[PDB]
Structures are given as structure tokens and as C-alpha cells.
Amino acid sequence: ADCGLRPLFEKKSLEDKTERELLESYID
Amino acid sequence: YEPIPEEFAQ
Amino acid sequence: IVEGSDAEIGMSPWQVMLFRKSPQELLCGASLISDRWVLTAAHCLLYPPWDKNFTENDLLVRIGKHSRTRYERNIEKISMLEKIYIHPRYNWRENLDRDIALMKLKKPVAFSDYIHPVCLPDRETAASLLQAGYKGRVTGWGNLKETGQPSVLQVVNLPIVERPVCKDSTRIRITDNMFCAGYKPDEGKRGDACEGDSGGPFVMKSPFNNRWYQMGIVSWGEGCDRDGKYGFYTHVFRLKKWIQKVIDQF
Ligand SMILES: N=C(N)c1csc(CNC(=O)[C@@H]2CCCN2C(=O)[C@@H](CC2CCCCC2)NCC(=O)O)n1
């Protein structure tokens with residue numbers, strides 16, 4: 001149900017050191 | 001590796 | 001993981017450690033997909049070429065870990081396996097085709113800040129993210145260089161590679177049940193999974209709903225981080241039907 005949503009990041013709206021690297025590569 | 005509690009080794 | 005870095009706390013709450021009872025040692029990486037099921041690579045359990053053929057009573061599952069060797073009291077949880085399922089058409093003889101296996105925990109594990117399940121991809125998600133150039137994340141406690149071990153969980157981000165390039169990089173027969181990832185020689189950057197990382201998850205974060213999805217499983221490679229070579233991962237979505245098949249009836 002709430003899979004893939006991390007307690008210490010997504011659930012408190014915090015972002016990890018490098019997740020920005022992934023999203024900037026998804027250039028549709 | 002640091003030893004694991006025997007309780008699980010059962 | 002080679003050329004990676006220390007994961008931050010709670011960065012991969014689904015990461016699992018396949019631990020051997022005797023002797024006590026790291027056996028493989030794995031992932032939590034629900035409260036009672038663990039996904040990993042079949043070769044971690046069965047591999048005749050190395051007389052590897054473990055049973056449910058030979059291993060223990062350690063969840064919520066960060067450190068590689070310490071027994072992280074009050075944080076990690078250990079589970080005993082109730083049953084193991086290797087894909088019936090797992091080809092350990094040729095190219096490790098369909099390198100996948102499901103593990104049923106004896107009892108459900110309670111989630112927490114450090115223990116949370118990853119999502120399994122559906123056709124739409126897989127179709128939209130499984131593209132060359134798009135980067136994914138692999139995590140593990142395995143070797144840091146080709147053969148030592150890391151003190152803490154290592155993480156590295158890698159780009160998916162065009163099928164053709166993957167095919168022309170090895171003599172191993174590539175199937176549709178696998179894909180490869182890594183940087184090309186000129187791209188400057190590098191990184192790869194390595195021994196000990198087996199069974200670990202290759203994941204991606206969806207830009208549509210922000211959830212993390214596991215697209216692959218660390219399957220195999222030739223050496224570690226060599227130029228012109230890439231890591232191969234089990235194509236999770238492609239074996240999605242067998243996954244549901246099992247869980248569903250068991
Ligand atoms: N560079 C990687 N991503 C990488 C390298 S080894 C690994 C974990 N899997 C394994 O080690 C699996 C298990 C058994 C044979 N595996 C290997 O990766 C062997 C190559 C396989 C190819 C398919 C047929 C059987 C042999 N290569 C080892 C090497 O090049 O050092 N990931």
C-alpha cells in the first residue's frame with residue numbers, strides 16, 4: 001500500500017544526498 | 001562479524 | 001559496490017542481508033517487498049558449479065541494517081525462513097537466465113523508520129522508466145574493488161545501457177530477462193556492483209508518484225568496474241507473473 005515511501009525522507013518531505021541525480025536523468 | 005544472539009540460532 | 005559511497009541512515013529501508021548461520025558470514029543482498037516476503041537472486045541459494053545449495057534452515061534474514069558487521073541492537077531485525085522458491089526455469093547452466101527467488105519469512109516483521117518495503121513495478125511504470133540513460137540505484141555491503149569490505153552500506157547510482165552495447169560487451173548469451181547498467185569508458189564516471197552484492201536491488205524513483213521501485217536484482221558481471229564491461233540485473237517486471245503466481249497461492 002505505502003511501499004516505496006521512506007519514513008525518513010518522502011514521509012517527511014526530506015531529500016537524500018543524490019536522489020536529484022536520478023530525477024535529472026529522466027528526461028522525457 | 002559481531003556474534004548474533006543465540007535465541008535466533010534455534 | 002565499487003566507486004560508491006556510504007548510504008545515509010534509512011536511505012534503503014528495504015535492503016536485506018542474507019546471512020549464513022555457520023560459519024557466520026554475509027551471503028548476499030536482498031529486498032523486502034511486503035511484511036512476509038523477501039526477493040533475491042536464485043544463484044545466492046543454488047549454484048552447482050560451486051556446490052552451493054542452501055536450505056531454509058541454513059540461513060537467517062537480517063533487516064534494517066546499516067553497519068556490515070555489528071549487531072545493530074534495537075534497530076535491525078532477524079527472521080527465519082519458512083520456505084524458499086527458486087524459479088523453475090532458472091538456468092544456472094548457461095547464462096544465469098531467470099536469476100530470481102522468493103523467500104517466505106516465518107513471521108511478519110514490523111515496519112519502522114529503518115524497515116519499509118519497496119514497490120514492485122507494474123507495466124506502466126516499467127515501460128516509462130526502463131530506458132537507456134535513465135539512472136538507477138544499487139546498494140550493497142559487497143567488495144569495494146575487484147578481488148577489502150566496506151564498513152557500512154554502500155550506494156551507487158548507475159545509468160541503464162542500450163541492449164546492443166550490453167550484447168557486444170560479452171560472450172555470454174543475453175536474454176530478455178536481464179538488462180545491463182554502468183558508465184561507458186568515455187563518460188568519465190564509473191562504478192559497479194561486485195562480489196557480495198548479489199541479490200541486491202536495483203531501484204528507481206518514480207517522478208509521477210515519488211515512490212521507489214525495484215526494477216532489478218544484482219545478477220552477474222565479469223570482474224568489477226572494468227572499462228567496456230557492465231553489470232547485469234534480473235529484469236524484475238518480466239518475471240512479475242511468477243512472483244504474483246507464488247505469493248498468491250502460498
Ligand atoms: N561486476 C558485477 N556487477 C558483478 C560481478 S560478480 C557479481 C555477482 N554475481 C556473481 O558473481 C555471479 C554468480 C556466479 C557467477 N557470477 C558472475 O558474475 C561470473 C560470471 C557468470 C556469467 C553467467 C554464467 C556463470 C558465470 N563472473 C565473475 C567475475 O567476472 O569476476 N556482480
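A, B, ... follow the sequence lines: proteins, then strands. Residue 1 opens every chain. Atoms within each ligand, like the ligands themselves, are counted from 1 in listed order. Note that these values count all heavy atoms, side chains included, but never hydrogens, waters or copies made by symmetry.
Classification of C:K229 and C:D192 as a salt-bridged pair fails, no side-chain N sitting under 4.0 Å from a carboxylate O. Between B:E2 and C:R70, no side-chain nitrogen of the basic residue sits less than 4.0 Å from a carboxylate oxygen of the acidic one, so the salt-bridge criterion is not met.
The closest non-hydrogen atom to atom 10 (C) of ligand 1, taken over C:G142, C:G221, C:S219, comes from C:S219. With C:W92, C:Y233, C:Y47 as candidates, the residue nearest to atom 26 (C) of ligand 1 on a non-hydrogen basis is C:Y47. When C:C224, C:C180, C:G223 are checked for heavy-atom proximity to atom 30 (O) of ligand 1, C:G223 turns out nearest.
Among protein heavy atoms, atom 3 (N) of ligand 1 sits closest to C:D192 OD1, 3.1 Å. For atom 11 (O) of ligand 1, the nearest non-hydrogen atom of the protein is C:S198 OG, 4.4 Å. Scanning all protein heavy atoms for the shortest distance to atom 22 (C) of ligand 1 gives C:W220 CE3, 3.7 Å. Nearest protein neighbour of atom 24 (C) of ligand 1, counting heavy atoms only, is C:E94 O, 3.5 Å. In terms of protein heavy-atom proximity, atom 14 (C) of ligand 1 is nearest to C:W50 CH2, 3.7 Å.
Other residues, nucleotides and ligands contribute over 12 non-hydrogen atoms within 6.0 Å of the CG atom of A:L14. The 12-atom threshold is exceeded at CZ of C:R163, counting heavy atoms of other residues, nucleotides or ligands nearer than 6.0 Å.
Here is the list of ligand 1 atoms found below 4.0 Å of a heavy atom in C:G231: 3 (N).
Some N or O of C:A193 is nearer than 3.5 Å to an N or O of ligand 1, by distance alone.
Between C:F179 and C:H235, the ring planes lie perpendicular to each other; the angle is over 60°, past the 30° to 60° tilted range.
Among all heavy-atom pairs drawn from C:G200 and C:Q214, the shortest one is O-NE2, 4.4 Å.
Checked options C:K104, C:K107, C:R36; the residue passing with C:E82 is C:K104 (criterion: side chain to side chain donor-acceptor pair (under 3.5 Å)).
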